[PDB]
Ligand SMILES: [Br-]
Ligand SMILES: [Br-]
Ligand SMILES: [Br-]
Ligand SMILES: [Br-]
Ligand SMILES: [Br-]
Ligand SMILES: [Br-]
Ligand SMILES: [Br-]
Ligand SMILES: [Br-]
Ligand SMILES: [Br-]
Ligand SMILES: [Br-]
Ligand SMILES: [Br-]
Ligand SMILES: [Br-]
Ligand SMILES: [Br-]
Ligand SMILES: [Br-]
Ligand SMILES: [Br-]
Ligand SMILES: [Br-]
Ligand SMILES: [Br-]
Ligand SMILES: [Br-]
Ligand SMILES: [Br-]
Ligand SMILES: [Br-]
Ligand SMILES: [Br-]
Ligand SMILES: [Br-]
Ligand SMILES: [Br-]
Ligand SMILES: [Br-]
Ligand SMILES: [Br-]
Ligand SMILES: [Ca+2]
Ligand code: NA
Ligand code: NA
Ligand code: NA
Ligand code: NA
Ligand code: NA
Ligand code: NA
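Numbering (the authors' numbering), first residue to last: 1 to 223.
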């Protein structure tokens, strides 16, 4: 997250860190058994880390649970990043509490102009590199589909939206991938892609979760 703020420990209780020896992506806890992330975050060997603030220090509220199954969307295209969503089932259920909690799925899509909260452990610099140890947060608006297309001609599908600031300076970044965009208490987006981070006229691009609710629910029901 570039241009954001320190969230505070456990103030984003649905935020997960995906670990394969090191943090590599975010995710969102949607019930005790299941996490939603980006398909481009797929790997074998995922350990889901819940209750994290400092990802490098045990602080006492963590739950470390191996993934049993990873389900990449059937129509995921890694060249176009269309359908950039994956479900991860936990080998055992999380213990839900005030610091480890699920985020509701949307019953309709959110509109342009809606403020959302985007969070993660990704890079905090637009030119440089610098990876934080504690969770970072950014409040940002959903952009118009027309502004999004104009920013990334030929690239924005019906399963994508933009959020952030056309001026630059405030965006998600590398290492935030797979994490949440929450608006009015519902998971509306997954950190998916962009051109660099926090560049002018290059806002973040997010998977449009509302298009996937039926697939999420049916897949959880059957797995
Ligand atoms: Br801060
Ligand atoms: Br739940
Ligand atoms: Br401790
Ligand atoms: Br486990
Ligand atoms: Br299973
Ligand atoms: Br397909
Ligand atoms: Br590819
Ligand atoms: Br292709
Ligand atoms: Br269990
Ligand atoms: Br507990
Ligand atoms: Br607690
Ligand atoms: Br639901
Ligand atoms: Br909703
Ligand atoms: Br809708
Ligand atoms: Br917000
Ligand atoms: Br910062
Ligand atoms: Br940093
Ligand atoms: Br729009
Ligand atoms: Br276009
Ligand atoms: Br909220
Ligand atoms: Br919330
Ligand atoms: Br959505
Ligand atoms: Br720039
Ligand atoms: Br679908
Ligand atoms: Br749906
Ligand atoms: Ca920790
Ligand atoms: Na990929
Ligand atoms: Na644990
Ligand atoms: Na495609
Ligand atoms: Na806003
Ligand atoms: Na830090
Ligand atoms: Na399309």
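C-beta: ideal position from N, C-alpha, C; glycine also.
In the DSSP assignment, find the alpha helix (DSSP H) that holds residue i and state where it starts and stops.
i: residue 213; result: 213-222
i: residue 151; result: 145-151
What does the alpha-carbon distance come out to for the pair residue i and residue j?
i: residue 162; j: residue 175; result: 18 Å
i: residue 7; j: residue 136; result: 5 Å
i: residue 14; j: residue 152; result: 30 Å
i: residue 120; j: residue 47; result: 17 Å
i: residue 65; j: residue 9; result: 20 Å
i: residue 146; j: residue 59; result: 44 Å
Under 9 Å, do residue i and residue j count as touching if we go by C-beta distance?
i: residue 207; j: residue 71; result: no
i: residue 216; j: residue 105; result: yes
i: residue 224; j: residue 21; result: Any property of residue 224 remains undetermined from this structure, which presents the chain solely from 1 to 223.
i: residue 101; j: residue 29; result: yes
i: residue 67; j: residue 88; result: yes
i: residue 126; j: residue 199; result: yes
i: residue 3; j: residue 138; result: yes
i: residue 184; j: residue 90; result: no
i: residue 168; j: residue 201; result: yes
i: residue 179; j: residue 103; result: no
i: residue 172; j: residue 1; result: yes
i: residue 144; j: residue 112; result: yes
i: residue 39; j: residue 78; result: yes
Assuming residue i and residue j are in contact, meaning their beta carbons sit under 8 Å apart, how far apart are those beta carbons, in whole angstroms?
i: residue 187; j: residue 36; result: 7 Å
i: residue 116; j: residue 156; result: Wrong, their Cβ atoms sit about 17 Å apart, outside the cutoff.
i: residue 177; j: residue 41; result: 6 Å
i: residue 75; j: residue 83; result: 4 Å
i: residue 164; j: residue 132; result: Contact flag wrong, Cβ pair sits at about 18 Å.
Can you name the start and end residues of the beta strand (DSSP E) that residue i belongs to?
i: residue 192; result: 186-193
i: residue 200; result: Note, residue 200: premise wrong, no beta strand (DSSP E); not H, not E.
i: residue 162; result: 160-163
i: residue 31; result: 23-31
i: residue 140; result: 136-141
i: residue 15; result: 15-19
Please go through the region 46-117 and give each complete beta strand (DSSP E) segment of 3 or more residues, from N-terminal end onward.
List check, beta strand (DSSP E) in window: 47-50, 63-72, 86-90.
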